[PDB]
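Sequences listed follow chains A and B, in order.
First residue of the first sequence: 583, per PDB author numbering; consecutive thereafter.
Letter by letter, the second sequence follows residues 825 to 827, 854 to 872 of PDB author numbering.
Think of the CB as a built atom: it goes at the ideal place given N, C-alpha and C, for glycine as much as any other residue.
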Amino acid sequence: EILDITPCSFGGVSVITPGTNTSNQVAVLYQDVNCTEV
Amino acid sequence: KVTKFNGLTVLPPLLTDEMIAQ
Ligand SMILES: *[C@@H]1O[C@H](CO)[C@@H](O)[C@H](O)[C@H]1NC(C)=O
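In C-alpha cells form, the structure reads like this:
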C-alpha cells in the first residue's frame, strides 16, 4: 500500500504584549495552524 | 485575469481585498 507522509503541525509563535510599564498580560499567536493540535 | 512544509510560509496581508475595495 501507499502512504502519503506529511510533516505534522508546525508554525510560528508570536507574543502580543503591551508596554512593560502598563501590564504583563500576553497573547500567543500560532500562525497558519488550526486550533486543534494546540 | 492574474494567476510548503519546509519552514517557509506566507503571512496574509493586514488589509484584506474587501477592505481595499471599500
Ligand atoms: C479546523 O478544524 C475544524 C474541525 O475539523 C474545522 O471545522 C475547521 O474548519 C478547521 N479550520 C481551518 C481554518 O481549517
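Ranking A:591, A:608 and A:584 by CA distance to the CA of residue 855 of chain B puts A:591 first. At a cut-off of 7 Å, the beta-carbon of residue 602 of chain A does not count as near ligand 1: no heavy atom of the ligand is closer than that.
Bridge partners of residue 871 of chain B according to DSSP: none are assigned. For residue 618 of chain A, the distance from the CB to the nearest heavy atom of ligand 1 is below 7 Å.
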